[PDB]
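Here you get one chain, nothing else, as structure tokens; it is the form deposited in one PDB entry.
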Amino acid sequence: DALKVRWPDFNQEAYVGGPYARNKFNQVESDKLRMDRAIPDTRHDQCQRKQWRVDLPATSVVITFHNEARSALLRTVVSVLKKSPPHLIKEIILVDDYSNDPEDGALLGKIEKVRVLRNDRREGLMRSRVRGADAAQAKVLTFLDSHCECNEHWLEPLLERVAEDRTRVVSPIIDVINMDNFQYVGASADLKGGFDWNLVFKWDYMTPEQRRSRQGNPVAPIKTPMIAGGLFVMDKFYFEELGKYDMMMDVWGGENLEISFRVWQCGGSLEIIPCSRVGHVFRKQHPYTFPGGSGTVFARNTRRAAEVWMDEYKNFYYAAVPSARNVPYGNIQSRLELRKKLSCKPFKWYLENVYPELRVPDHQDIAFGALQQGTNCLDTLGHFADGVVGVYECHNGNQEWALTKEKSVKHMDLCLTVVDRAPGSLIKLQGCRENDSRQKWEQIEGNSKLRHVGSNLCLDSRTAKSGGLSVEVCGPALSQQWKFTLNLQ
């Protein structure tokens, strides 16, 4: 009481008083804002006129960080204090993950509710959050980054879900805070988290069912196959019972793959609650804002996740990302045991029941995915009947093909056919025929091109503007370069 103070009385000027380098976002602009700057109510009209049960269990807010911009950190803390019912916030625990300046977190202990923990050494987000979860005294946990901003009644909608079902790991729609001007922008409420075989976050359109349910309830919560960020609410016992976080992961990976697989495969579920909104400052090429991400992944954490939950399906990930096979990922022994103990379901269960919309190749396919040449993708051009095939610039995806065990390159039941084998002859998309020789292809030169079996003809673009892909005599030309997204070879 004598050592604490209300946030309105907090001296933010002095705090911030003692531009991209230090944090990969405009710090100069961050400091211009007041710790309690106002933000737009990005909620759906429906949320506005809604009541929440007063008996919602209080929560402990755990914010973990490593060298964060003071303005951003502070703005996050008061964001919580001001935007949520004081009685639902047992405490705000700040885990200073070994920041160069102890004071960044220290000086905030003066504020009501804020307790701050420090680390002897850099421990990373996974360990720090575990530390926080343990020091927490509430029954429910709320994890947030050191650079977020809570909106109107963001918390109740999340607590409502967990109270109802301890096994629900709920997240708010994550709004965007511009890293250059900190304008607070609203994200969609009609997209789910997903991924491709290279295990990189991807956005998805809602499911038909989900859509109907939205016709009924416009702000209805929706299940999500892949968590989209690091913001979420969860039961403390359930968090521990399920295995907390994989303490052996490192600072780079997407620990989020592992957390999403484990929740789903082990009984729980993941939900996105539209009425809940929390702004987040995304770095340059963050996957949430830049499709495909930056295009670089230090595989450790991705392997750790794949090797523990995907069963035989990890080979697809490895088909899309060979290099990852040669990336060390440490011991996953205790994790495989946690899975054993928890008797979680297999991945095949997950693909079929949680993320069925992810097209999985046939176990006997030789290669699968989009057929790319430079940034262009092989496309039927919508000519699904004895038609000429061509290319469209790929969509970051689009049209998938399969190099089947029988040596065919098909799109459903249509095969690329070598109608005429004289150089320059256009190929055609036709109904696949079991033993038909005009439909047999093989990869050569390290899966960098497609030759027509029993000939010296290769699939070529040269004629694209003259009528479509054709078969030319294999050569150096780059219009003969083709790559499947994943190769099981």
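When you see a residue number, it is the position in the sequence shown, counting from 1.
Omitted here: the form deposited with a partner chain bound. The next part is about that form.
In summary, the region of this chain contacting the partner chain in the entry with it bound, judged by heavy atoms within 4.5 Å and restricted to 261 to 269, 285 to 293, 84 to 92, 324 to 332, corresponds to 285 to 293.
Using a 4.5 Å heavy atom cutoff, none of 15, 78 and 136 lies near the partner chain in the entry with it bound. Proximity of residue 313 to the partner chain in the entry with it bound: non-hydrogen atoms within 4.5 Å are absent; the residue sits far from the partner.
Within 4.5 Å of some heavy atom of the partner chain in the entry with it bound lies at least one heavy atom of residue 228. Contact check for residue 201: a non-hydrogen atom falls within 4.5 Å of the partner chain in the entry with it bound. Taking non-hydrogen atoms only, residue 298 approaches the partner chain to within 4.5 angstroms in the entry with it bound. Exactly one listed residue, out of 338, 191, 220, 163, brings a non-hydrogen atom to within 4.5 Å of the partner chain in the entry with it bound: 191. Screening 107, 388, 187, 248 for any heavy atom within 4.5 Å of the partner chain in the entry with it bound leaves a single hit, 187.
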